[PDB]
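Consider the single chain below, provided in structure tokens and representing the form deposited in one PDB entry.
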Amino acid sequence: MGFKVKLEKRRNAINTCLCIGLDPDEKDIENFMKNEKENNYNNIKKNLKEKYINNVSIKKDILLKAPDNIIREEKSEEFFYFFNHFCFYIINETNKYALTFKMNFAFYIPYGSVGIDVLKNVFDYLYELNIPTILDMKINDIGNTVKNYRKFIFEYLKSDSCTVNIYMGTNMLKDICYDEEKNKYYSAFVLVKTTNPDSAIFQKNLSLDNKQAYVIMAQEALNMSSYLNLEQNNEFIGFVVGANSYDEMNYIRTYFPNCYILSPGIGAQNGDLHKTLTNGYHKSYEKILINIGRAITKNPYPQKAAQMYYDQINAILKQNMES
């Protein structure tokens, strides 16, 4: 029942490795409110039709209220309402093409508690729909402090996985991916520092070898995975590998053959999708999640945007399968 089965199960259903980034900025939210006011709130109306909205934890009866009724009667919940309703809109619109959804914590906290009420309900809504989640939060602190994040992420939000920054040492992973008291196991993706690689000569001259360094770190993280018995519990520790780091991606997929990789970077005005996916390719292609965010969420037609990226990944997977 780990994340590993969650991923394989849904892989067999929708046959993609597309990861949809839900990173709603202040502009997006304002822009949604504006368009919905100007369009007789048709997307919020679409959202209210859906049954799961009745299953979220926080101010359910505010979200359930009519949008006209919100501005007149609840001018104090207007931001909450439109924030929370924009994430629903992206979710309802694009979920059929999503292997997973990844939420960056950063976008949810700069307004105070209120973005955190919405993050909860976003994770509530996605758990009700049984779509695999990643919380991108890049957690990092000492073992006893990091237990707080484990609770927030895996117990409050009930996320399947998160991202982690283990620069300071791998041993924090023991207190994120494992809960001794409750005998529970969780999955994480660790950040790997990847090169330019035109900057490689400067590192040699500095006597640094960034390549030895990230492989050493990589191994320590898989060493932790095995020590924590995560695989036998259907969980894993994988890598966050930048989309344009073609060298590291290839090297990693090669020297750690069955590791899980999450690859951010591709957008509308940059990124070679085939190149990234091919370098990180695995027959079990849930092991190479391709994150697209803004190219979908800021496109005036998110579902079509999502459909296009799904279609592009389809064709690359087909090419790679025929190897």
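For clarity, a rigid core is taken as the largest C-alpha set superposing within 1.5 Å between two forms. Residues carry their position along the shown sequence, with the first being 1.
The protein also exists as the form deposited in another entry; that form is not presented, and the subsequent description refers to it.
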| item | value |
| --- | --- |
| Rigid-core-referenced C-alpha movement of 2 Å or more between the shown form and the other one, selected from 73, 78, 155, 209 | 209 |
| Residue 195 C-alpha moves between the shown form and the other one by 2 Å or more, core aligned | yes |
| Comparison of CA distance in the other form with shown form for residue 190, residue 202, at least 3 Å | closer |
| Sense of the change in Cα distance from residue 199 to residue 243 in the other form - at least 3 Å versus the shown form | closer |
